[PDB]
Each structure stands twice: as structure tokens, then as C-alpha cells.
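Visitor: need coordinates for the below:
(one chain, ligands or ions: 2)
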Amino acid sequence: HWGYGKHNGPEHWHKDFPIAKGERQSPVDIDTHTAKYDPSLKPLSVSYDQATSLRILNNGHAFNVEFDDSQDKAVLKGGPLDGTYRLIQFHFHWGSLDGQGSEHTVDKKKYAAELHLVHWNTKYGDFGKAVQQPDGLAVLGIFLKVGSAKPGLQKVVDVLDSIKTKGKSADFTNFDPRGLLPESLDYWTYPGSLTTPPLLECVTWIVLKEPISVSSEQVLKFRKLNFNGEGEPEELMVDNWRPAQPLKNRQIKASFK
Ligand SMILES: [O][B]([O])([O])/[C]=[C]/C1=[C][C]=[C][C]=[C]1
Ligand SMILES: [Zn+2]
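Guide: Numbering: from 1, shown residues only. Ligands and ions are numbered 1, 2, ... in the order given. This is the structure:
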């Protein structure tokens, strides 16, 4: 019964998921002045040309665009990573207002939304194994700011009407995730966690410095989704973000400057 309400939101999660108060939780604030440039990170490799999207699902907390991860088709390598990480799904976190919605912050600034492209380390065989390991997942995080429309997001926005409520899904084949990336792949990286229960400390975070721009109309459509199931009182799917957690004994590294 976790969620984003007053009764069941982030401040309550520790009761069912004690790791909520752990040593490597996410998201965090990225203090740009304290992040250190690391000239050794190796180049970052996003290989999405053969991606095979399958379906879009409203899971009651966000919507997920799911991919075929039974073979190396859409993979993340390089940067801080050792080995090959397969794309399994992406989703977003967003606000009720344009000045909130991101999970990570940058010098305390919140963006309107944040995209998470979730990948798992192929050495562990399946995603359920990978989330048990400290280097199991690599999440590419991309900030969204409100301005000009993002063309590559529009196919997602257009299908949302068909998955308004929890448990609805729709076919979502032939979607190209390359259309959601910014120009630059400059990034920050740090070890962290899933930002929703079970909050497992299995993620190498790769947060891009450059946000993408989406239109007010695009993000308004996100906010028409429902957390509730069909035939239940309407609760708009907004403010599905976890706030920044303590950095503790971690360093955030920059790929640039
Ligand atoms: O850290 B997020 O990318 O927000 C969470 C991803 C996540 C994926 C599968 C199961 C539970 C959570
Ligand atoms: Zn997420």
C-alpha cells in the first residue's frame, strides 16, 4: 500500500522498507560545485538502434514503456560501468506544477519531471537477480524542463488516454527511445538505489547534465493520468517523486569540466 499520498508517501516507506534509511539511497541533490571531474571515466555508450519496445503500462505509480530484454538489443555501456546493461523499461516522475517533479535536484533546483531509463547487468542473467547486487542496475536519468515540445515524446503523450487507470496497458511497438535524449551525454554519476519500494541499493546512477525540453501541453497530459483503477474515485497521477535523500559517505563524479 505504499504510494505518494500523505498517508502512504515517502515519509512512511521506512516502516515496510527499512532500507529507506540506508547508506546509499536515491535520489540526491547534485551540488555542482562539490562534484568532482573524473578524467578517468571511460566514454559512455548508448546503443539503442535495435531497441524493441513492446507495451506501455499504468502500474498505479507511473507508466512504464517496456522493452524486449531477452537479448542484447538496446544497451548501455561505458562511462562508470563495467560490462553490458540491457534496457528493460523507462518511466517518468513528474509534478502537479512546473516547479516540482524531478527526483534528483541540481543545486537544489527541481525540474518539472525526470525520465529514468532502467538497465540491468547481463552478468546476473535476469532483472530479479540484478536488483540483489550492488552493481546490478544502471539508470540513465534525464531532466525535463517546460518550454518547446519534444517531438520524440509525442507518441508517448498520444497513447496516455488509453492507459488512464491503474492496470491498463496498450501495445507500444516500434518506439525509438533515442528521441528522448538531449544533444550532450555529459553526466554525473554516483552509487544509489531504486527511488520506489523496495528501495534496493543496486543502482549506478548516470544523470545527464543537459535537460530535455517538453511543452506545457505534453506535461499536462501526464497529469491527466490516474493513480486509481477504473471505476474508483479519481486521484490524479501527480507528484509521484521521492525527495532528495542524505548523500552520506558518497562522492558524485562529473564526466565533464
Ligand atoms: O529508481 B526507479 O527508476 O525510480 C525505480 C525502478 C524500479 C523498477 C522495478 C521495480 C521497482 C522499481
Ligand atoms: Zn524512476
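
Visitor: any residues of the stretch 151-257 of the chain in contact with ligand 1? List them.
Guide: Within reach of ligand 1 by Cβ under 6 Å from any ligand atom, the stretch 151-257 of the chain has these residues: 194, 195, 196. For the C-beta atoms, the positions are set from N, CA and C on the backbone; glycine is no exception.

Visitor: quick one: contacts for the residue lying closest to the second one once chain neighbours are set aside?
Guide: Okay, so that is residue 195. Nearest residue to residue 195, sequence neighbours excluded (Cβ to Cβ, 6 or more residues apart in numbering): residue 242, at 4.7 Å. By Cβ atoms under 8 Å, 6 or more residues apart in numbering, the residues touching residue 242 are 10, 26, 27, 93, 103, 195, 196.

Visitor: over to residue 242: give its phi and psi.
Guide: When read as degrees, to the nearest 10, the backbone of residue 242 gives phi -90, psi 130.

Visitor: mind listing the helices for this protein?
Guide: Assigned by DSSP state H, the chain shows helices spanning 127-130, 154-159, 216-222.

Visitor: which other residues reach the longest one?
Guide: Just to be clear, that refers to helix 216-222. Residues outside helix 216-222 that contact it (Cβ under 8 Å, 6+ apart): 92, 94, 98, 101, 112-113, 144, 146, 149-150, 153-154, 157, 160, 237.

Visitor: mind redoing it with 6 Å?
Guide: Helix 216-222 is contacted from outside by 94, 112, 146, 153, 157, 160, using Cβ atoms under 6 Å, 6 or more residues apart in numbering.

Visitor: stretch 109-121 too?
Guide: 76, 83, 85-94, 98, 100-103, 127, 130, 136-146, 219.

Visitor: out of the helices of the chain, which is closest to residue 255?
Guide: helix 127-130 (23.5 Å; Cβ to Cβ).

Visitor: what about residue 12, how many neighbours?
Guide: Residue 12: 16 surrounding residues under other Cβ atoms under 10 Å.

Visitor: tell me which residues touch the nearest residue in space to it that is not next to it in sequence, please.
Guide: Sequence neighbours aside, residue 2 is the residue nearest to residue 12 in space, at 7.3 Å (criterion: Cβ to Cβ, 6+ apart). Each residue near residue 2 by Cβ under 6 Å, 6+ apart is listed here: 8, 13, 197.

Visitor: give me the number of residues near whichever residue of the stretch 1-150 of the chain sits closest to ligand 1?
Guide: The minimum distance from the stretch 1-150 of the chain to ligand 1, using Cβ to the nearest ligand atom, falls at residue 116 (3.8 Å). Counted with other Cβ under 10 Å, residues neighbouring residue 116 total 22.
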